[PDB]
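Chemist: I need the structure of the sequence given here:
(chains A, B, C and D, ligands or ions: 2)
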Amino acid sequence: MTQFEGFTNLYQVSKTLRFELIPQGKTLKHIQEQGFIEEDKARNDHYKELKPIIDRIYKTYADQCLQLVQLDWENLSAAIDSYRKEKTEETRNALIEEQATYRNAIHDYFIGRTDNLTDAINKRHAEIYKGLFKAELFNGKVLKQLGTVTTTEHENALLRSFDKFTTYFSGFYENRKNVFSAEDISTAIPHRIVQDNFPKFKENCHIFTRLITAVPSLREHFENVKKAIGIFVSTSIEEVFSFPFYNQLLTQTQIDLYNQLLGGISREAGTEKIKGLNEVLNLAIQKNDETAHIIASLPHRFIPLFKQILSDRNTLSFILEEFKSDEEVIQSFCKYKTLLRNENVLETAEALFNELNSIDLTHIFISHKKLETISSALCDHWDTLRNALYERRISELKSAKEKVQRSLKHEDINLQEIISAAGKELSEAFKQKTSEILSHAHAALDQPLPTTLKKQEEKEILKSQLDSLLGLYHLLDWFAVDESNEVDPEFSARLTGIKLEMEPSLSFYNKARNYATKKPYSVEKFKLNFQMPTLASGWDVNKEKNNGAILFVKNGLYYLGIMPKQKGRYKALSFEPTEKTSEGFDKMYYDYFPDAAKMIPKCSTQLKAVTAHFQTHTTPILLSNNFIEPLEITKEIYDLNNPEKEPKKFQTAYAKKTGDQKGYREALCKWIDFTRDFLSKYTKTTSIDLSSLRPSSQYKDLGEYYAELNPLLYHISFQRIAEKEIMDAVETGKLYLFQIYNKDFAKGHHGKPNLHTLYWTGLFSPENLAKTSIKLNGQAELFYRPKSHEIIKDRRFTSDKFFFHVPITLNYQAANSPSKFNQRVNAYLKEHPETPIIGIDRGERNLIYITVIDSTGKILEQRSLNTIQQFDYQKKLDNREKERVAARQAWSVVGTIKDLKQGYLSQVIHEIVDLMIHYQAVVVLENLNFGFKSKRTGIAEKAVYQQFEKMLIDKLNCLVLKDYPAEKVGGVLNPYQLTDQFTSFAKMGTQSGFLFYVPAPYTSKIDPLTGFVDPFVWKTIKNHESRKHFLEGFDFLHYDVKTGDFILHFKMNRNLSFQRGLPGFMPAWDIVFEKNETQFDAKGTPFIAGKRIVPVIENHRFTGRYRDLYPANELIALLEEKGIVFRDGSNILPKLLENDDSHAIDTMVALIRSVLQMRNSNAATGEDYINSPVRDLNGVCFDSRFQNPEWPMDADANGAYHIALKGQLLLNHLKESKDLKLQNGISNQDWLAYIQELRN
RNA sequence: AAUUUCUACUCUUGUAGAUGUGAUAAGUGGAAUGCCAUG
DNA sequence: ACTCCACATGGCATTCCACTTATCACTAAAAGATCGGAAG
DNA sequence: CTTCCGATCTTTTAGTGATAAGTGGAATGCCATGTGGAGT
Ligand SMILES: [Mg+2]
Ligand SMILES: [Mg+2]
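Modeler: Numbers count the residues shown, from 1 in each chain, chains lettered A, B, ... in the order given. Ligands and ions are numbered 1, 2, ... in the order given. I have put the structure below:
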């Protein structure tokens, strides 16, 4: 009988606690006068300068390695094709093996162990790779093998400024070893080549060959654009899109050339662009030819490749010049404005714009491409000018319409024909517009310039002037000056003169926009090192004089002590432990042996002495260094750890590959005995009570043995020190004493502590000291942030503050990773039938909506989480989102919205977790594609689709409730672990512990009472005869004489060509045009039943705004206008389709589409209800405006309710699942059939 | 209207909830401006 | 107190911003470089 | 006047089994369409 309290101590999690350090006593004088802060600031600055200098070596080596790659890519393409054909486990394993094989084949060039290279080149690559992650980068032991980097004297000084400090780059070495490795890291060069870029290139090749097979002219078009751009002159376009061409496109230059082939080289702005592959395909589609209809079915976009991991991008496009400071942009703009003033732009522009009143307008022309701008700016709509032109061309006349459209689409038009088509109103609006634009330009030129671009007003005035100048340039670009059509000579010459004068303003606008929108400078913290190469990397007492980090405890206040280097040497400061009743500090005594898996072979088998001993003779060697008794290394022990092959004989890989269970068991037992002897004999571990360990032959696998052994090697004890010694040490300057501090260590605190304060207090509590459940970690780091009753706004930023980031580890007694975590949760849900569901719907109108259901589908609690603790967070997020949108267009400080969303979700996660604990339920979420949620966050960044799964999963991974006692599960020492260990979103399955993912579709627009959905898809009824065929497919519809509602019948075996392909459980439906009378809810508000909300499509091409519709009222109005009698209750459908008028059939289809729309939304009045087009067997049509608590209230509440029921389906199928596994997704047919069978 | 830091506050020199840091790399999405086209 | 109206989209290019996603470390001790004093 | 070497400070190192990712596509929906401005 498993229990809900059993979900604890399953896996380790690592957390970082952050505290402010208060300098205690005279330590601030000693840390300031020795210049540690300034030296560490200079060290950080030199590191930031030196990082790209070092990166040049890695980029050069990666280039020189990747130009030598010569592989055959047919096997990987075949593997991907076979995986895409059928998604099964065996083909997935084959694809994983092939990807690993190619990732190793790429990695062999970096190592220098490939057959297809010479021995000298391989030796050079091996000797380059050997010193690539060491101090050989600094002292030139590997730089002279390359030579191409060509470091100058300042770069050499920067490189040698880190003398005896190379281990500062240790984390950089770990970061850069991920790149040159083939261990399936996403941030690796071979993984990027094999798994990221190659599927994109294969899809591009398949797209190209399909496109060429469909139409032959696109081959000539692609050859012409490839010749015109100027890339790959030796390879044809049939050879570029081929598998052997992927031996290139590995270095960044070839990738950028391929991307410029796809996208197109761009010249300077104001000059015609050379099109790309995607651009010319979009141009061919937009022509609306028959070939466009051919292409539209095909997938018509080539996918560009990704950047290489280190090499920077370069392009053939016009990289436009940038300014460097506010002084330069103001001085350059003042010079440009002065130049425009003495050249006298404005009087000759006004002469041009008043010359139209006394000139023959037949010798002037308007550019064809910009007539839409004039139409939008001058008249009520963009279509008015071209509609007038079309009517005028008709008035002076099948094929003639095409001739008129072809004349209007590409040939310039004179202004006299414009003035004949439109009349006096366009003339007066035109001169008014030029007068307004010239007035704006004159006002901009007379207005002085601000000095600096610091505050918003000084940037807004600059934008106001420069946009007016751009508007005058746009107005001046209206006229056509080219010789292809007739034009007055002197006017054209002077017009191109003033346009040539005005040309650089458009580039000036872009330069000022690129400068003015930069992020403002803000002071940031930097890592302190106290002139120590390895400061605070470990708390151990053996390393306490080299690391310097020692913790203390003083009557509940926690202190940190740093002993600096004295005259450049490590003075081993020692403390004498005294009697416990003496007043003073309690020193923390750390005892650790970091990991048995890495430290048993290092201190036993991988010594230089042992390896040198075993390459001449097989006699066992006795080791005496750091051993109380001489330990013996035998021959078979050394060959167990060095088997001259990748799998070792005592590990699970050998047993899986070979199957020799007996040999694996013998090797494992020998290794356990050897580790026991080693831990018995080593001085560091000779006092460890190893009697609690199991015998050697009982362990199933070595990882279990290490997971059991590791908690025994960690220990903390506290020793008393006299206060006089510590005070003398901190006064003399031999010790820097800081107090670990936050809000909860203040004088007057009353309430419950912070969660991290609970972690810190529970780490050093006596019960955790007796048995370690929370582990204090190394690699602590110190940061210094400078300067950026008496209650003061932003008091914390008024002075410099020392920070202290310290990692901790929770659930230390557990394993590193859980052992089949989902099996335990599935077993617990299998043995517990009555388990609720806390299903969640995410959106933007309602940010989070939840519904809690029981096992029988009833509603326990439904509630919108737009407001928590009397704060409507959705309105605040909407205001912030609108402020950011309006601020990024006025060149303001955009700011951050992540903080407010995190604040809102901190409340939401607490409410959801509180319901989880109080109901002992599961949480079902909707499985949304990353593209969809990124698109919806792009449209409105108020939304919380992302940043909600991550916080919920990370909270449930280590859930500590503040109220609960520490010894009880759920306390600070026994956290709840209700989710699987979070590694990455890609590797997450459909179930993560108690959190469930169900498919998204058919959860909102579904009737909760009977499970009806709209069966049609409205894209297939675009034409009138299809509307006739859709109309004759229905059985009947007639007016009920006693209830006043039209009852339309449906049989599901009809209109299969218009259905979306989901036959429901029911064979028939009763679609009802309900009587539009007044109904009252529980609160007494009136509403009209059957009301629908539909956007207006009166223009037949655009989506207008919403309007209220009444299907019964408009239906009876249509039928009374037609005069068709219906009071006898007879079927009207054959009486209706007997006429050939398109208006009646069109409004019939419109009414049917409107009545079948379940979701009715109107953001202006705040209405999100659902009305049901069909009738329940109880004789009540559903309407959520009744607001009965047994049924959902809004549409998002309905969405949450059907997320809950979709997870109810999974839990219902779990009870009959003998394999303790869930379904492999839920098909929409299965879900609809299940819900419609449950309702009926 | 105080906070390691974020969010909502002020019976309380503080309250309630949350908070994995550092480093590196990549991608996505907005906005402005150009070019070719579409309604 | 009513009613009309606000140009929109597709493919690329440049710059700027914000935000997300995916790896590594959470480390004592063995090995190697350096140096001040002893010995020749 | 020159050479060695034991102390001491940086620097590099050692490396387990999680076994996962369970598939089901063939297309849908998953959510919403600027909401706010003006004259008369
Ligand atoms: Mg939903
Ligand atoms: Mg929803």
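
Chemist: Isn't residue A:494 up against residue A:348?
Modeler: Yes: Residue A:494 sits in contact with residue A:348 when judged by C-beta atoms under 8 Å, with a separation of 7.2 Å. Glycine gets a C-beta too; all of them are placed from N, C-alpha and C.

Chemist: any residue of the longest helix along chain A up close to DNA strand D?
Modeler: Selection of the longest helix in chain A by residue count, based on DSSP state H, yields helix A:36-66. No: shown here: helix A:36-66 not in contact with DNA strand D (C-beta under 7 Å from any atom of the strand), separated by at least 12.3 Å.

Chemist: Which neighbouring elements make contact with that helix?
Modeler: When contacts are defined as 3 or more C-beta pairs under 8 Å, 6 or more residues apart in numbering; DSSP states H and E, helix A:36-66 packs onto helix A:89-111, helix A:143-146, helix A:153-160, helix A:170-177, strand A:526-528, strand A:781-785.

Chemist: how about a cut-off of 6 Å?
Modeler: Packing partners of helix A:36-66 (3 or more C-beta pairs under 6 Å, 6 or more residues apart in numbering; DSSP states H and E): helix A:153-160.

Chemist: How far off centre is stretch A:111-126?
Modeler: Distance of stretch A:111-126 from the chain centroid (C-alpha atoms, centre = their mean, to the nearest Å) equals 40 Å.

Chemist: buried set for that stretch?
Modeler: Within stretch A:111-126, the residues scored as buried using 16 or more other C-beta atoms under 10 Å are A:111, A:112, A:114, A:117, A:122, A:124, A:125.

Chemist: ok, back up a step: which SSE is immediately downstream of the longest helix of chain A?
Modeler: helix A:74-85 (DSSP states H and E).

Chemist: Next, the angle from that following helix to helix A:89-111.
Modeler: Relative orientation of helix A:74-85 versus helix A:89-111 (axes from the mean of the first three to the mean of the last three C-alpha atoms, to 10 degrees): 150 degrees.

Chemist: Just the residues contacting helix A:74-85, thanks.
Modeler: Contact with helix A:74-85 is made by A:91, A:94, A:95, A:98, A:102, A:202, as judged by C-beta atoms under 6 Å, 6 or more residues apart in numbering.

Chemist: same question, stretch A:1218-1238
Modeler: With contact meaning C-beta under 6 Å, 6+ apart, stretch A:1218-1238 is reached by A:823, A:826, A:991, A:999, A:1001-1002, A:1011, A:1062, A:1064-1066, A:1209-1210, A:1213.

Chemist: Show me which of those residues are buried.
Modeler: By neighbour count, with 16+ other C-beta under 10 Å, these hold A:826, A:991, A:999, A:1002, A:1011, A:1062, A:1064, A:1065, A:1066, A:1209, A:1210 as buried.

Chemist: taking those residues one by one, which sit in helices?
Modeler: Secondary structure from DSSP H places A:826, A:1209, A:1210 of the buried ones among the contacts of stretch A:1218-1238 in helices.

Chemist: quick one: which of these is nearest to residue A:416?
Modeler: Nearest to residue A:416 among those: residue A:1209, at 71.8 Å, using C-beta to C-beta.

Chemist: restrict the contacts of stretch A:1218-1238 to those near DNA strand D?
Modeler: Applying C-beta under 7 Å from any atom of the strand to those, one finds that A:991, A:999, A:1001, A:1002, A:1062 fall near DNA strand D.

Chemist: how close does the residue nearest to residue A:833 when sequence neighbours are not counted sit to DNA strand D?
Modeler: Closest residue to residue A:833 apart from its sequence neighbours, by C-beta to C-beta, 6 or more residues apart in numbering: residue A:855 at 6.2 Å. Applying C-beta to the nearest atom of the strand, to the nearest Å, the value for residue A:855 to DNA strand D is 24 Å.

Chemist: just to revisit the earlier point, report the angle between the longest helix of chain A and helix A:89-111.
Modeler: Orientation of helix A:36-66 against helix A:89-111 (the same axes, to 10 degrees) gives an angle of 100 degrees.

Chemist: can you pull the buried residues of helix A:36-66?
Modeler: A:36-37, A:40, A:43-44, A:46-47, A:50, A:53-54, A:56-66.

Chemist: Quick check: the spatially closest residue to residue A:408 that is not a sequence neighbour vs residue A:359, distance?
Modeler: Leaving aside its chain neighbours, residue A:408 sits nearest to residue A:389 (6.1 Å; criterion: C-beta to C-beta, 6+ apart). Distance, residue A:389 to residue A:359, using C-beta to C-beta, to the nearest Å: 22 Å.

Chemist: who has more neighbours, these two?
Modeler: Taking other C-beta atoms under 10 Å, residue A:389 and residue A:359 do not tie; residue A:389 has more neighbours (21 against 13).

Chemist: Now do the same for that one: helix, strand or coil?
Modeler: Using DSSP: H, G, I helix; E, B strand; the rest coil, the structure places residue A:389 in helix.

Chemist: try residue A:1071
Modeler: Quick answer, by three-state DSSP: residue A:1071 is strand.

Chemist: where do the strands sit along the stretch 751-900 of chain A?
Modeler: Here the stretch 751-900 of chain A has its strands, by DSSP state E, counting those that start in this stretch, at A:775-776, A:781-785, A:801-810, A:840-842, A:848-853, A:859-864.

Chemist: now for those strands, which one comes closest to ligand 2?
Modeler: strand A:840-842 (4.5 Å; C-beta to the ion).

Chemist: is ligand 2 contacted by the closest one?
Modeler: Yes: if you take C-beta under 5 Å from the ion as the test, strand A:840-842 does meet ligand 2, through residue A:841.

Chemist: Are that strand and DNA strand D in contact anywhere?
Modeler: Yes: using C-beta under 7 Å from any atom of the strand, strand A:840-842 comes into contact with DNA strand D via residue A:841.

Chemist: near DNA strand D, which residues of the stretch 651-800 of chain A?
Modeler: Residues of the stretch 651-800 of chain A lying near DNA strand D (C-beta under 7 Å from any atom of the strand): A:651, A:652, A:653, A:701, A:702, A:703, A:706, A:707.

Chemist: Between which two of those residues is the distance greatest?
Modeler: Spatially, the most separated pair among those is A:653 and A:707, at 17.9 Å (C-beta to C-beta).

Chemist: Can you read off the backbone torsions of the residue in the stretch 1001-1150 of chain A that RNA strand B sits nearest to?
Modeler: Relative to RNA strand B, the nearest point of the stretch 1001-1150 of chain A is residue A:1101 (4.5 Å; C-beta to the nearest atom of the strand). Backbone torsions of residue A:1101, given as degrees, to the nearest 10, read phi -140, psi -10.
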